[PDB]
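In what follows, a structure is listed as structure tokens, so that the remarks can point back to it.
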Amino acid sequence: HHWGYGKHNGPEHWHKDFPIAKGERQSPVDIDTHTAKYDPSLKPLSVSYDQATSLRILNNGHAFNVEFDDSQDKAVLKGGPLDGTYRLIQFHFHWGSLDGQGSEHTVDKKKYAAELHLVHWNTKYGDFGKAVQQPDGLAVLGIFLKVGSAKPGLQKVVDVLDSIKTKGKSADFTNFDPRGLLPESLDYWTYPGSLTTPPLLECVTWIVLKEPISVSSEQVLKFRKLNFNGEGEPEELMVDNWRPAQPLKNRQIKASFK
Ligand SMILES: [Zn+2]
């Protein structure tokens, strides 16, 4: 009876093993565009991915993680609301059973078909395990997906999924360039929050891009052929692996843009 996204182990149950589920800075949240205030003091965001080294893609039974070499400062996020240097460790997605849901963050209650999370750790804490124990430990870049024109830079991800169908399967995933997954604009919302899966630690500076990327129906259909289950177990399609919006509580969402 491990946590997951089913009727018996889904987000409404998580607080039993992880009481911080009902904490003061949980994610995701609804971004109310009429409430989020332009902050003229936010610096522009610095996304430095030219030296990024992808290694591996893993079905962890909740999502698939594209993992990067984070042993030196190769792929980093700086500026915006951040102090210092945050190293890219992995990216993954959350997605729906259908195009009308799947994002974790919502915009004026609108759900996107999917949401990309590029997870970075603060290099002043030395390792990822120590960073998650700190309020400023992680920076997650959130990007909404909508369904329309294919995203070319996502296709190398889509075409390896056949090979990692079930929990615990991985494959070599070298030389993938995450710059191919960004929108044109780096206009963003920011607020302090948490991991959106157990252990739900309150260690994240959230940076959610305003401009979604387009992916094709055929691309997201291939996300929905993945399995939550391990090899030879009853097939549970990997769909609706999103946590719903949490109470904002004592928090301000700041906009990078007028
Ligand atoms: Zn995530």
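Under the authors' numbering, the letters of the sequence shown match residues 3 to 125, 127 to 261, in that order.
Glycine included, each C-beta is placed from N, C-alpha and C at the ideal position.
Heavy atom of ligand 1 within 7 Å of residue i beta-carbon
i           : result
residue 208 : no
Distance between residue j and residue i (C-alpha atoms, nearest Å)
i           : j           : result
residue 192 : residue 173 : 33 Å
residue 5   : residue 237 : 17 Å
residue 11  : residue 103 : 19 Å
residue 81  : residue 122 : 13 Å
residue 155 : residue 259 : 27 Å
residue 41  : residue 33  : 15 Å
residue 66  : residue 60  : 5 Å
residue 204 : residue 196 : 9 Å
residue 8   : residue 43  : 42 Å
residue 199 : residue 64  : 11 Å
residue 233 : residue 49  : 35 Å
residue 244 : residue 96  : 6 Å
residue 47  : residue 184 : 16 Å
residue 45  : residue 112 : 27 Å
residue 21  : residue 15  : 10 Å
residue 132 : residue 145 : 21 Å
residue 251 : residue 207 : 14 Å
residue 25  : residue 201 : 13 Å
residue 171 : residue 229 : 12 Å
residue 83  : residue 141 : 12 Å
residue 51  : residue 118 : 16 Å
residue 178 : residue 158 : 14 Å
Same chain only: Cβ atoms within 6 Å of residue i, ignoring 5 sequence neighbours per side
i           : result
residue 72  : 89, 91
residue 213 : 190
residue 108 : 32, 248
For residue i, three-class secondary structure by DSSP
i           : result
residue 226 : helix
residue 31  : coil
residue 125 : helix
residue 182 : helix
residue 80  : strand
residue 163 : helix
residue 155 : helix
residue 16  : helix
residue 196 : strand
residue 22  : helix
residue 176 : coil
residue 257 : strand
residue 112 : strand
Nonlocal neighbours in the same chain, by C-beta distance under 7 Å from residue i, ignoring five residues either side
i           : result
residue 70  : 54, 55, 56, 57, 77, 90, 91, 92
residue 87  : 75, 78, 80, 125
residue 175 : 58
residue 13  : 246, 247
residue 110 : 34, 35
residue 182 : 51
Cβ shell of residue i (< 8 Å), same chain only, five flanking positions each side left out
i           : result
residue 153 : 217, 218, 219, 221, 222
residue 116 : 95, 96, 97, 98, 104, 105, 147, 148, 218, 223, 226
heavy atom of ligand 3 below 7 Å from residue i C-beta
i           : result
residue 122 : This structure lacks ligand 3; its bound ligands are ligand 1.
Near ligand 1, which residues have their beta-carbon less than 6 Å from any of its heavy atoms, given in chain order?
-> 94, 96, 119, 199
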